[PDB]
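Asks: Can you keep this structure in mind? I'll have questions shortly.
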Amino acid sequence: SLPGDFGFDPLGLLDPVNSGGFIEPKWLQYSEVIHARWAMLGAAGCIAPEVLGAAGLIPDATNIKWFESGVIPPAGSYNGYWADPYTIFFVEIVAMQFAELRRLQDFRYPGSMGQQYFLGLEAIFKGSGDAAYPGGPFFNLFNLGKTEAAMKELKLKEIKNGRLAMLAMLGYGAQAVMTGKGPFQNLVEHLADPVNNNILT
Amino acid sequence: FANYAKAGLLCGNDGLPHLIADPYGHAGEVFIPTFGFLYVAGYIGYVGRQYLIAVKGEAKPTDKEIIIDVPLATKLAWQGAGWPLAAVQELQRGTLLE
Amino acid sequence: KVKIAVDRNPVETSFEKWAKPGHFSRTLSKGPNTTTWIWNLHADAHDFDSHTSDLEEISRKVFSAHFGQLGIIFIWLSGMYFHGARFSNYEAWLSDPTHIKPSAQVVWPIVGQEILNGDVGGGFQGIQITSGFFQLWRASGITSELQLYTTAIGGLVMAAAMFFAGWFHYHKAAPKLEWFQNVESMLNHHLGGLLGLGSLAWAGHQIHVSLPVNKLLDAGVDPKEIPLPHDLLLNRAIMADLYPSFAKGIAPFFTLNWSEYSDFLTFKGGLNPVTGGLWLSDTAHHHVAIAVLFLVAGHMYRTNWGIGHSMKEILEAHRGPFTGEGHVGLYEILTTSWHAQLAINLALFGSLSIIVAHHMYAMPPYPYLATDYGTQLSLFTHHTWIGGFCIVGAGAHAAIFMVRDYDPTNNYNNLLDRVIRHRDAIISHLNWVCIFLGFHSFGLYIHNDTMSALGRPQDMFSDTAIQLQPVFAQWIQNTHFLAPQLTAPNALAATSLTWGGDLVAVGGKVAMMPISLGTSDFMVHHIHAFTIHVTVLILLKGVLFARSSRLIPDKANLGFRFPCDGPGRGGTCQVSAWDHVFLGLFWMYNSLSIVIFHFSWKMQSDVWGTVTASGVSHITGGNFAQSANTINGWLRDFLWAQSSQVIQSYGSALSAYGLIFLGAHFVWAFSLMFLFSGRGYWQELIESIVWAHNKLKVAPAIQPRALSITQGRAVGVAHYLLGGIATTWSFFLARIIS
Amino acid sequence: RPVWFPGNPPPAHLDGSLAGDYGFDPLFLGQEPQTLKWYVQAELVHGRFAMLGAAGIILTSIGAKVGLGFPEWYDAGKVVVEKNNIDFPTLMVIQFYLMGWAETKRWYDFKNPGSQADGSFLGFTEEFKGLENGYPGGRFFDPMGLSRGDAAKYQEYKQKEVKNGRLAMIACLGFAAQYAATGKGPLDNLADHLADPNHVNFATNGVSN
Amino acid sequence: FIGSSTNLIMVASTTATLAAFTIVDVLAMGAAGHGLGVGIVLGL
Amino acid sequence: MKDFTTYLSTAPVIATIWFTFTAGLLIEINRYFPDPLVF
Ligand SMILES: CC1=C[C@H](O)CC(C)(C)[C@H]1/C=C/C(C)=C/C=C/C(C)=C/C=C/C=C(C)/C=C/C=C(C)/C=C/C1=C(C)C[C@H](O)CC1(C)C
Ligand SMILES: CC1=C[C@H](O)CC(C)(C)[C@H]1/C=C/C(C)=C/C=C/C(C)=C/C=C/C=C(C)/C=C/C=C(C)/C=C/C1=C(C)C[C@H](O)CC1(C)C
Ligand SMILES: CC1=C(/C=C/C(C)=C/C=C/C(C)=C/C=C/C=C(C)/C=C/C=C(C)/C=C/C2=C(C)CCCC2(C)C)C(C)(C)CCC1
Ligand SMILES: CC1=C(/C=C/C(C)=C/C=C/C(C)=C\C=C\C=C(C)\C=C\C=C(C)\C=C\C2=C(C)CCCC2(C)C)C(C)(C)CCC1
């Protein structure tokens, strides 16, 4: 019934007999998807400057590696920002508090977020019975997957780009600790001398 | 040391202050404190008396020895301030003894 | 199919049962008529087996109970760190170990307690600690208090998480019986994840944090001036400079060129001469090996794939002629009885804590450990105790299994049956061997006292006159020091200086030196072995006849915990298994007490002291070998002479130890009232007192009752132990600190 | 109806009948209805004292930040005391008498609806009536008689009053935790933040607080 | 890297142990040959 | 919370909330009036 089912569970997690807590079918399909959606943001978001900068669109300052942005101060922090990294992290917490807890309240109560006023948006945030796939004019402006078949296939398309982008992030990290360079400088140096620029070296 | 010299206690050949326990040079050593106790002990005892009796008539009294009726106890607590005046009057009245 | 099985929301989480004491039993739930109620509800608070017959509910209770325990322990660990950060001398102690006394407690200024804040060094006034945290901290590479604060806050969070975990796994998602029975999986995960990955990741801490920071400190450079342990990670230039093989990175690892890692992964042994502790490099390699061993070991048992052993198969295989059917039936027992498991586990934990004491005695693993005699005596005595207790507990629960769980009809087992069928021979032989041992150990001391009193020293058991040499022990010592040459070539020095030579000393004090073994040592060991055999006699007799004997054939029906079966049969006082545990505790206390006395006298006389012009002055001047051969020698040269510092501890920082010295005697003696008497007297006393109450209308509804016979015994043994142990506690610490 | 934690339904003991009732008692404090009748007055008075106090700082502080005459709220007690003739112990004791009187009478209206109503005072009968736990009204407490005007007009103010109450209580404690973390006045804390808001936050000096 | 006495012996011990079959057998007898081989190289 | 308060009014809890009170009281009085052998 879940999309991305190619039958891969050595560890009997999704087995619904005597389930409890966070080892719940409804729950994990959710995680994987939200995981997928974030992972694809990170994958395309980590590289883009290193690429676009090298491409010569982005100035000399901005064109940094992913771990040199000021997330991990000791690996490098940026300067040229609207503010310091901590006056940001607060603007983050308030926002992600709102926009993650709301999303939790659709999971917890389907109908909720539809009733209690929220600057006109309460009309929007009704849900879709299914949690992972809310839609409505906010989160599906183009009304794509107009049929049940075309939707199920788009749900197939989503999870696979995701799972790939999650491994890609497991990539960029495990890669950055051993190399100490960004996964686009690793790629171009690997085009130049495939056997010299390698794990084994 | 200065505040025992001002108090005027009797110090022996030892160099330590000994105490006087009968009559009036050294009343405050024992004679005053003594009443202090018999009061506060009598206070505690008579509050405890008025609690156990006040429960006694209520189907199962044993529950009130454990899940103590706090707002009963805290009313008896203050009532137990004037206890010798009640304790005497109760010895008079003849409700004090079985 | 080993898999996650859980019940959803089995118990609602309102305070409806808090407000009802004794909810857990139908008997107590009715309320108190007598005061005995009060005791009973605390006695049986954790006794889940009598509450319910359901193995599921019990199983859910037991670990949630364990999550609660772990929460408490974290909170405890949190405590020590915080105080070590907030109320301590550690930074002062991280700059002149030799001349600062470790302190991590301050008293408030009221009621003269101020005097307890003693002259401990580093410009700080306080209580000298003997827990040994300061050395842990140096071993872990801790340099500043801030770090201790941060560790403390982490422990508090972990406490919260464990408490959450325990509520969760009972009130939201309680695992199913099936779950708890996945023994093979439990064993594998505990061996490989917990121990294996534990010592592996630790070894990570040791190789990346401990080893570098330690070398710079031992070099002598000011701790404030020492680089921070994350910069060791991102600047490996500092690590390359300290040990060269880092230049090659993790390449030598994969290429199997491990010999290049001989910089920080050694096998030298002995002590670090500048600190009197084991090499951290030896320890790092120790944990590295151990991690691999445990990791591969944790892949023995069958789980969700064909591969792996089955416990039941290995058990059912192992049978022979003399035993009949052998191990058969044991798996089923040890997958259905918590008691049996508890019994096993307590025996081996306990044994472990004692071996930990010794191995920590002989091989000080922390910096400036060996030379902090207070810490060393405290730790060895402590760990020797808790072991003691745990072993007796093993016996207790073994018997509880024997009474409550054993059912031959349903869960048969023959090993057990054959043991039961010849118990009489076992107990009779243990009896014999114990009288033997008693005579040929105590008897030797009495003989010595008599010969010494009658003016015949040439007839005594002593190195001078009689020789009873520990020839074996001396052989093994011989083999141990010569081992680095022949049987362990790659090892540079000995494991310990108490076997080898090379007397290593720090700050003018003796860290460690060869321990001579003579007649006196021959004596005390055989006393021990006597004491252990007696304790085993009591406890084994307790467990084997828990169910039935010639006197009481139906003892099994009467319970584990019960006083007697009357004055009949001539009199049947203390027949129960509990009573065996009862008496077992006294002999255990006896045995353990001679061990630690042995330890303390041994250490002050033959080992510890100051180091002068090419020579050694021991604390008690090697009197042991000549004095410990008579009871009078203990009485005078140990007890009488050593108690000096405790008895005059008044007016000082150590006065609390004098107070506790007296208080512990008080409480010890106080136990004797309960132990020597019986509740018949007490109940009549109580009758008269109750009269007096009723006369004044002050009688309680909860009818005042004397303690049960069993409770009298429990209170007795408890106060006896607490008194005894606390007295020895005040003794040693005031002694060794002063 | 609107709630504190949208989606999560409000607890039974809250009706939507009381002013500023947003289904918020996550700790089950005000469950037993008497013990909540008690808290609806604590909250009101707390908020009324807090409002007077916040209005009390917010005007002195601009008065000090408009002309160099008025003192900062922190060091503005001694400035009142030292400069002027008066002593501390007596004020503190005078206060306790008047506030003692004022409270001890409100004290015996919580337990007894219309107690002080009996005229047992200065013949003032009708002014010390009950009315509604938290709003006493009459010619003294509600001189203009918004209390005795209209049903809706008064209901809306209960709403206004508790909210302002709760905002002033927040506001006040900021004043108190802002002097603490930065050692300055609340229109120096406000001027510094308007000129360079991205940098002059807590992030600078004001820690987790 | 594909050359020295380190690797020559490792590949020989794996193919020797495997010769003595679903998914569970390969990862086992593969870890046997590697469980074997490592001691030969750290040895010789 | 009728239930939670009954628990807080249990014997062992009251005893402790009572003893920390009459302990403090006696520590407190020994602070501002230190070291008495009279009054
Ligand atoms: C399924 C299963 C099944 C069976 O039964 C068993 C097994 C197989 C075991 C299992 C498992 C699997 C796996 C492995 C998984 C994984 C996952 C992942 C990795 C995820 C990620 C995931 C991931 C993610 C989300 C991520 C994200 C990220 C992001 C946003 C980023 C961001 C950023 C950026 C841009 C920039 C800056 O400067 C930095 C940062 C800030 C950093
Ligand atoms: C919802 C909605 C609604 C409406 O109606 C419509 C619309 C609007 C359309 C929609 C939206 C959408 C969106 C937003 C999307 C997104 C996407 C993405 C971003 C993806 C990614 C995605 C991504 C991905 C896969 C990624 C991947 C990656 C990879 C493989 C990587 C690789 C690598 C590595 C590791 C390493 C090396 O050294 C380098 C490289 C070679 C580089
Ligand atoms: C660098 C790095 C790191 C680290 C890591 C480590 C260092 C780990 C290790 C780990 C390990 C180190 C593991 C191991 C495992 C092992 C095993 C699992 C084994 C097994 C074995 C067996 C199972 C056996 C077998 C056999 C034999 C030998 C004989 C007969 C046959 C058989 C087959 C049975 C991390 C990631 C954190 C981060 C990034 C970087
Ligand atoms: C002055 C003095 C003195 C002397 C004293 C004396 C000589 C005394 C006597 C006394 C006596 C000869 C007494 C008698 C008594 C009797 C009786 C008969 C009692 C009774 C009691 C009761 C009845 C009680 C009750 C109660 C109360 C009131 C409260 C609480 C509760 C109770 C219930 C307990 C001296 C020199 C020392 C010091 C100085 C001062």
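Asks: With each label point set 7 Å from Cα along the Cα-Cβ vector, what nm distance links C:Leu194 and C:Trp305?
Replies: 2.4
Asks: Same structure again: Can you compute the FRET efficiency between D:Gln159 and D:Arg139 using 1/(1 + (r/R0)^6), with r the Cβ-Cβ distance and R0 = 22 Å? Round to the nearest 0.05.
Replies: With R0 = 22 Å, the Cβ-Cβ based efficiency is 0.35.
Asks: Now a separate question. Order the peptides C:27-34, B:32-39 from the highest to the lowest mean number of other Cβ atoms within 10 Å of their residues.
Replies: Descending packing order for the listed peptides: C:27-34, B:32-39.
Asks: How big is the gap, in Å, between the Cα center of region C:302-367 and the Cα center of region A:132-201?
Replies: 48
Asks: So what is the calculated 222 nm ellipticity per residue for the protein assembly as shown, using -39500 (n - 2.57) for each DSSP H run with n of 4 or more, over all residues, to the nearest 500 deg cm²/dmol?
Replies: That calculation yields -17500 deg cm²/dmol at 222 nm.
Asks: Further, regarding this structure: Can you list the equivalent-ellipsoid semi-axes of the protein assembly as shown, largest first and in whole Å, using the square root of 5 times each Cα gyration tensor eigenvalue?
Replies: In descending order, the three semi-axes are 57, 53, 38 Å.
Asks: Nearest 0.05, what FRET efficiency do E:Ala19 and A:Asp5 give at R0 = 30 Å with Cβ-Cβ as r?
Replies: Rounded to the nearest 0.05, the efficiency is 0.20.
Asks: For region A:121-201, what number results from the quotient of the Cα radius of gyration and 2.2 N^0.38 Å?
Replies: 1.72
Asks: Return, ordered by residue number, the residues of region C:79-120 whose backbone nitrogen is under 16 Å from a label point located 7 Å along Cα→Cβ of D:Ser208.
Replies: C:82
Asks: Give, as ranges by residue number, the residues of region C:39-82 whose backbone N falls under 19 Å from the point 7 Å along Cα→Cβ of C:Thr13.
Replies: C:60-72
Asks: Looking at this model, which pairs from C:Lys61/C:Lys555; C:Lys312/C:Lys555; A:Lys181/C:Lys248 are more than 24 angstrom apart at the alpha-carbon?
Replies: From C:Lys61/C:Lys555; C:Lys312/C:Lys555; A:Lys181/C:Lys248, over 24 Å: C:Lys61/C:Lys555; C:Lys312/C:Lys555.
Asks: Mind checking which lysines have their Cα closer than 18 Å to the Cα of D:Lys78? Skip sequence neighbours fewer than 8 apart in that chain.
Replies: D:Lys184
Asks: Please give the length that would be gained between B:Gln89 and B:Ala41 if that part of the chain were fully extended, namely 0.36 nm times their separation in residues minus their C-alpha to C-alpha distance (nm, one decimal).
Replies: Contour length minus Cα-Cα distance gives 15.4 nm.
Asks: Give me Rg/Rg_expected for region C:573-624, where Rg uses Cα atoms only and Rg_expected = 2.2 N^0.38 Å with N residues.
Replies: 1.94
Asks: Oh, and also: Relative contact order of chain D, please, whole-number percent, based on alpha carbon pairs below 8 angstrom and at least 6 residues apart.
Replies: 21
Asks: Can you tell me what percent of all Cα-Cα pairs in region C:411-485 are more than 15 Å apart?
Replies: Distances greater than 15 Å cover 74 percent of the Cα pairs.
Asks: In vacuo Debye scattering of chain A, one point per C-alpha: log10 I(q)/I(0) at q = 0.14, 0.15 Å⁻¹?
Replies: -1.11, -1.20
Asks: Quick one: what does P(r) look like for chain E with 5 Å bins over all Cα pairs, in whole %?
Replies: P(r) for chain E, in whole percents per bin: 5, 23, 29, 22, 13, 6, 2.
Asks: Please report the Cα spread of region C:285-388 along all three principal axes, rounded to whole Å, starting with the longest.
Replies: Reported extents, whole Å, longest axis first: 54, 31, 28.
Asks: Can you tell me the FRET efficiency between A:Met96 and D:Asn198 if r is taken as the Cβ-Cβ distance and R0 is 25 Å, rounded to the nearest 0.05?
Replies: 0.80
Asks: OK, next. On a 24 Å Cα-Cα criterion, which of the cross-link pairs C:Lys1/C:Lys176; B:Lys60/C:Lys697; D:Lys37/D:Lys160; D:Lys111/D:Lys153; C:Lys30/F:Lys2 come out too long?
Replies: Beyond 24 Å between Cα atoms: D:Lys111/D:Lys153.
Asks: If the viscosity is 0.890 mPa s and the temperature 25 °C, what translational diffusion coefficient in µm²/s does Stokes-Einstein give for chain C when Rh comes from Kirkwood over Cα pairs?
Replies: This corresponds to a translational diffusion coefficient of 82 µm²/s.
Asks: With 27 Å as the limit, write out which pairs from B:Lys56/D:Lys105; A:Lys126/A:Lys152; C:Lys215/C:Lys602 have Cα-Cα distances beyond it, or answer none.
Replies: B:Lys56/D:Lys105; C:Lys215/C:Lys602
Asks: Give me the one-decimal Kirkwood hydrodynamic radius in Å for region C:77-181, with the sum taken over alpha-carbon pairs.
Replies: Answer for region C:77-181: a Kirkwood hydrodynamic radius of 16.0 Å.
Asks: Label-point separation (nm) for C:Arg319 and A:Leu200, each offset 7 Å from Cα along Cα-to-Cβ?
Replies: Label at C:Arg319, label at A:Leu200, 5.6 nm between them.
Asks: Find the percent of Cα-Cα distances in region C:265-340 that exceed 19 Å, and round it to a whole number.
Replies: Distances greater than 19 Å cover 64 percent of the Cα pairs.
Asks: Using 0.36 nm times the number of residues separating C:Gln181 and C:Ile58, minus their current alpha carbon distance, what extension gain do you get?
Replies: Between C:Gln181 and C:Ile58, full extension yields an extra 43.0 nm.
Asks: Debye sum, Cα scatterers, region C:5-163, no solvent: what log₁₀ I/I(0) at q = 0.09, 0.19, 0.20 1/Å?
Replies: Here log10 of I(q) over I(0) equals -0.54, -1.12, -1.21.
Asks: Okay, moving on. Net charge near D:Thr204: determine it from the other residues with C-beta under 11 Å of the C-beta of D:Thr204, scoring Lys and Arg +1 and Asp and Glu -1.
Replies: Net charge around D:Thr204: -3.
Asks: What average count of beta carbons from other chains do you get within 10 Å of the Cβ of residues in D:5-14?
Replies: Counting Cβ atoms of other protein chains within 10 Å of each residue's Cβ and averaging gives 4.
Asks: Averaged over all directions, how much area does the convex hull of the C-alpha atoms of chain B cover when projected, in nm²?
Replies: Mean projected area of the Cα convex hull: 10.8 nm².
Asks: Further, regarding this structure: Would you calculate the separation in nanometres between label points at C:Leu551 and B:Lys60, each defined as 7 Å from the Cα along the Cα-to-beta-carbon direction?
Replies: 4.0
Asks: What does the highest-first list of C:726-737, D:91-102 look like by mean Cβ count within 10 Å?
Replies: Descending mean neighbour count gives C:726-737, D:91-102.
Asks: Please compute, for peptide B:44-56, the average count of beta-carbon atoms on other protein chains lying within 10 Å of each residue's beta-carbon.
Replies: 2
Asks: Students often forget the sequence filter, so: which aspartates and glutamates lie under 18 Å Cα-Cα from C:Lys20 once same-chain residues fewer than 8 apart are removed?
Replies: Cα-Cα hits under 18 Å: B:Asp63, B:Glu65, B:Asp69, C:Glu12, C:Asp44, C:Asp47, F:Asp3.
Asks: Give me Rg/Rg_expected for region C:22-72, where Rg uses Cα atoms only and Rg_expected = 2.2 N^0.38 Å with N residues.
Replies: Rg over 2.2 N^0.38 Å, computed on Cα atoms: 1.29.
Asks: Consider all pairwise Cα distances in region C:209-305 and report the whole-number % of them above 22 Å.
Replies: Value for region C:209-305: 42 percent of Cα pairs lie more than 22 Å apart.
Asks: Now a separate question. Kindly identify region C:155-267 as rounded, prolate or oblate by the Cα gyration tensor criterion: order the square roots of the eigenvalues as a ≥ b ≥ c, call it rounded if a/c is under 1.5, otherwise compare a/b with b/c, prolate if a/b is larger, else oblate.
Replies: Oblate.
Asks: While we're looking at this one, here's another question. Output the peptides D:135-144, D:118-127, C:514-523, C:360-369 sorted from most to least packed, where packing is the average of other Cβ atoms within 10 Å over each peptide's residues.
Replies: Going from most to least packed, we get C:360-369, C:514-523, D:135-144, D:118-127.
Asks: Give me the one-decimal Kirkwood hydrodynamic radius in Å for chain D, with the sum taken over alpha-carbon pairs.
Replies: The Cα-based Kirkwood calculation yields 20.7 Å.
Each value in this text was obtained by applying a stated rule to the coordinates, not by laboratory testing. Reconstructed Cβ throughout: ideal geometry from the backbone, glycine too, with neighbour counts over all protein chains shown.
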